[PDB]
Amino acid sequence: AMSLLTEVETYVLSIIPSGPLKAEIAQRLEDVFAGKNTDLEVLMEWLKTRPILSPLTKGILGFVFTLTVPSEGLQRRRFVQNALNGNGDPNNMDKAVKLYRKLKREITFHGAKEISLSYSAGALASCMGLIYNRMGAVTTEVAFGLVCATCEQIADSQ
C-alpha cells in the first residue's frame, strides 16, 4: 500500500534544488509526517525566511505543512496566499474552479492526481489557493493528490 507521505515527499523534493536546505526540508517533512511535536507557527516562520526557495515552492511547502500538522487556530499565511493566488488572472481562476468541481467528488489520492494533471501549473496553484483560503473543501488525500500534480507539472517544465 502506497504511503501517501513517501509519495508527497518525493514530489515536493523534486522541485527543490539539491543542497543542505533540501536535506533540512526532507527532515522537517518526515518529522511532521511521523507526528513529532511541532509548532506550525514556528515552522511557517522558518519556511518564510529561507533563502534560495522560490515563492511558489514556499507556498507549496506551507500548504503541505498546514495540511499535515494535527492542529493549527493559526491564521492562514499571507506568504502562502500570495504564492498560490496566481497574479489575479480570471482565466486561471476559472480553470481552478473547474478542477475544484471535480476534486470535490473524489476521495482518493490517485483519482485526484490523475484529474489534476489535465490542468496547467497556474490553474493548479490557484486551485491549491482556493483550498488554502477555505473557499472550497476537499479531503486530505485529494489535497495531496493536487499537491503532487502541481509539483509534477512544475518539475516537468523546468
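Residues carry their position along the shown sequence, with the first being 1.
Asker: Could you check the entry and say whether 39 to 47 or 59 to 67 has the higher mean CA B-factor?
Answerer: Result: 39 to 47.
Asker: Which wins on mean Cα temperature factor, 30 to 38 or 97 to 105?
Answerer: Higher mean C-alpha B-factor in the PDB entry: 30 to 38.
Asker: Quick check on the deposited entry: does the C-alpha B-factor of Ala155 sit in the lowest, middle or highest third of its chain?
Answerer: Highest third of the chain for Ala155's C-alpha B-factor.
Asker: Among the modelled residues of its chain, does the C-alpha B-factor of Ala83 lie in the lowest, middle or highest third?
Answerer: For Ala83, the deposited C-alpha B-factor lands in the middle third.
Asker: So where's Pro90 on the chain's Cα temperature factor ranking, which third?
Answerer: Within its chain, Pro90 is a highest-third residue by C-alpha B-factor, going by the deposited values.
Asker: When the modelled residues of the chain are sorted by Cα temperature factor, does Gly136 land in the lowest, middle or highest third?
Answerer: It falls in the middle third of the chain.
Asker: Lowest, middle or highest third: where is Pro20 by C-alpha B factor in its chain?
Answerer: For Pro20, the deposited C-alpha B-factor lands in the highest third.
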